[PDB]
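Have a look at the structure below before the remarks.
Order of the sequence lines sets the chain letters (A, B, ...), proteins ahead of strands, with each chain counted from 1.
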Amino acid sequence: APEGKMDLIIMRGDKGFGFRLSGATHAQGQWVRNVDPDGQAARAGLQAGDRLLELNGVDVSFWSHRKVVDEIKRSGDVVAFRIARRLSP
Amino acid sequence: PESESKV
């Protein structure tokens, strides 16, 4: 499996960013399990399977699921992700 | 799952 990295910027919607994060409760890191096709993440091009590498220019690949989620919720109206994406698929 | 959350 070869992957490529990409940077993403997502404005918060009124129900959030619009995706379900999933992964290590306590590297490799959390990952995007599904994304609201009408939500803000889909609009910025987050896709299922995207694996979270950086949150607001901070390496977050080795964190707990809740520290990542909490900081995502605390990011305010905008968030930035760097992610790793399967390339062959 | 291992740990899931909507954001």
Using a 6.0 Å cut-off, check whether atom [atom1] of [X] has over 12 heavy atoms from anything other than its own residue.
| X | atom1 | value |
| --- | --- | --- |
| A:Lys5 | NZ | no |
| A:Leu87 | CG | yes |
| A:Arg51 | CZ | yes |

| query | Hey, does the side chain of B:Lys6 reach the backbone of A:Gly16 with a donor-acceptor pair shorter than 3.5 angstrom? | reply |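 Not a single qualifying donor-acceptor pair exists.
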**Q.** ILVMFWY cluster, A:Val79 and A:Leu53 together (side-chain gap under 4.5 Å)
**A.** no
Is chain B contacted by the side chain of A:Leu21, its backbone, both, or neither, given a heavy-atom distance below 4.5 Å?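 A:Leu21 touches chain B through backbone and side-chain heavy atoms alike.
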- What are the two closest non-hydrogen atoms of B:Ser5 and A:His65, and how far apart are they?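 So the two residues come closest at OG-NE2, 2.9 Å.
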